[PDB]
Amino acid sequence: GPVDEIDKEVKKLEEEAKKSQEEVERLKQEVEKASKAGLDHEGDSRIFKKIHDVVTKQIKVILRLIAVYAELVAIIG
Amino acid sequence: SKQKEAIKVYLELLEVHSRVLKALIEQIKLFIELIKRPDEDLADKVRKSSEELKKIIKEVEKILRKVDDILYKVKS
Amino acid sequence: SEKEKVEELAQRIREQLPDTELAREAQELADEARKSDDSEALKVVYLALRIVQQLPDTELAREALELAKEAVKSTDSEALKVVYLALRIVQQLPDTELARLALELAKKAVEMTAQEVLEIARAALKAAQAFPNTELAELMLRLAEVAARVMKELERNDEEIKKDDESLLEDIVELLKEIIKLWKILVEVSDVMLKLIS
């Protein structure tokens, strides 16, 4: 059924969101450690690249969850 | 100097969206349960999750004001 | 018998309008659809031509012709599905806010290369098709548009980081603004859902 498919997709997206949260934690620790090890201009640029990658993945997960939300609202009306 | 502040802003945004994810998944699960069976108890929990989402929105607005102050300091 | 439907509709358009930009662009759509072998694109062209027939010399008809051109030029089937849903919304209710929302949402979805944007746009368009002529449908289409704009702002942020502190701060503010708007629209939709369930 449609609700069963949505529930399967929701479980998969929840696992993906947990992975993204782990990425967020590791990125925070890495930023703190790199700040303690020596901040640099090019180092700031590298940190920016990594942070943007993490933000992109998180926003994609959010948009997938919002699309499932829209499909669910369409179903329930 | 400003790049470090942008780093901290992006980290705060990440930490906020991490809780946004939990709240939104809670709301989706509650909606699925409501579609499965109509229960009055579930409406209160949906409202509670919505209130949590509103508080998160307030936090994001606080971050926006913090960045607006830096914009004022930089431009002028 | 879809190709014959498109041909007869084009003939009707030719009969109705002479030496008009709508008619020339309809003939251009006709040849681009005859050359195309995709059935979804044929259906989208049919829908756009019928909309132009129903509302001649109108803003909606011209914008829908240009949107159908942009959709045929794109080789992505998901964009064609999104454009078909939006043009169906326009066909059902032309003089409504949902028509404008769907037109602009499809116009932006044709440009977007992100698959998540296309998926959320399709979801919102099917949600509007489910319960049309409602406040919730307008809120849904606006939410999809705001999500697409968030993706565009992230693209801008990346491209500016690759290459300016004031510009970075300006773009961060412009991103957070639309983020707050997206979450506000989501909260409003959740409130309407709470009231519909109770």
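Identification of chain B as DHT03 protein C from synthetic construct is taken from the PDB entry. Listed in the archive, the entry goes by the title "Crystal structure of designed heterotrimeric assembly DHT03_1arm_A21/B/C".

For chain A, the PDB entry supplies the name DHT03 protein B and the organism synthetic construct.

Draft legend 1. Quick look at the interface of chain A and chain B. If you look at the interface, chain A gives 29 residues, while chain B gives 20 residues. Going through the elements one at a time, α1 (2–37) and α2 (41–76) of chain A are the ones with two or more residues in the side of chain A that touches chain B. The element best represented in the side of chain A that touches chain B is α2(A), accounting for 17 residues. Its residues assigned to classes, the side of chain A that touches chain B comprises 22 nonpolar, 2 polar and 5 charged.

Draft legend 2. Quick peek at the interface of chain A and chain C. Counting residues at the interface gives 18 residues for chain A, matched by 26 residues for chain C. Counting each side, the surface lost to burial between chain A and chain C is near 1,900 Å², with a carbon and sulfur contribution of 83%. Broken down residue by residue, the surface that chain A buries against chain C is led by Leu63(A), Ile66(A) and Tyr69(A), which jointly contribute 28%. Linking chain A to chain C there are 1 salt bridge.

Draft legend 3. Focus on unusual backbone geometry. Residues and elements named next belong to chain C. A positive phi is found at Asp19, a non-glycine position, where the angle reads about 55°. Mapped onto the elements, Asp19 comes out in the loop between α1 (2–16) and α2 (21–35). A relative accessible area of 80% places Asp19 in the exposed class. In this structure, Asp57 takes a positive phi of about 55° despite not being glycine. You can see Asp57 is positioned in the loop between α3 (39–54) and α4 (59–73). By relative accessible area, which is 71% here, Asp57 ends up exposed.

Draft legend 4. Layout of the side chain of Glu153(C). Residues and elements named next belong to chain C. Position of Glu153 among the secondary structure elements: in helix α8 (residues 135–162). For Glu153, a relative accessible area of 7% gives the class buried. Every residue in contact with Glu153, bar those within four places of it in the chain, is listed here: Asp171, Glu174, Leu175 and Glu178.

Draft legend 5. Examining a positive patch on the surface more closely. Residues and elements named next belong to chain B. A cluster of basic residues, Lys45, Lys48, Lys55 and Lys58, forms a positive patch at the surface. Position of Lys58 among the secondary structure elements: in helix α2 (residues 41–75). For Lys58, a relative accessible area of 58% puts it in the exposed group.

Draft legend 6. Summary view of the packing of aromatic side chains. Going through the model one piece at a time under the given rule, you end up with 1 aromatic pair over all chains. On the numbers, 5.5 Å between centres and 50° between planes, the contact of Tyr69(A) with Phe31(B) is tilted. Taken together, the positions of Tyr69(A) in helix α2 and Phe31(B) in helix α1 (residues 2–36) put the pair across two chains. The same class applies to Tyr69(A) and to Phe31(B), which are both buried.

Draft legend 7. Spotlight on the environment of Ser1(B). Residue and element names in this part refer to chain B. Tracing the sequence through the fold places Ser1 in the segment before α1. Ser1 sits in the exposed class, given a relative accessible area of 71%. The spatial distance from the C-alpha of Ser1 to the C-alpha of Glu12 is 17 Å, given a sequence separation of 11 residues.

Criteria and thresholds
- Residues numbered from 1 in each chain as written, not as in the entry; some residues may be left out.
- Chains lettered and ligands numbered in written order.
- Heavy atoms only, no water.
- Residues with missing side-chain atoms left out of burial classes, pairs and counts.
- Contact = heavy atoms within 4.5 Å.
- Helix = DSSP H or I, 4+ residues; strand = E, 2+ residues; numbered from the N terminus.
- Nonpolar A, V, L, I, M, F, W, Y, C, P; charged D, E, K, R; others polar.
- Buried area = accessible area lost by both parts, 1.4 Å probe.
- Salt bridge = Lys/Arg side-chain N within 4 Å of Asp/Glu carboxyl O.
- Buried < 20%, exposed > 50% of the residue type's maximum accessible area, 1.4 Å probe, protein only.
- Patch = residues over 30% accessible without salt bridge, like charges linked within 9 Å, V, L, I, M, F, W, Y side chains within 5 Å.
- Areas by Shrake-Rupley, 256 points an atom, 1.4 Å probe, with all protein chains shown as cover.
- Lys, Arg positive; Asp, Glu negative; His and termini not counted.
- Charge placed at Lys NZ, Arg CZ, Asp CG, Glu CD.
- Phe/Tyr/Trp six-rings, centres within 6.5 Å; stacked < 30°, edge-to-face > 60°.

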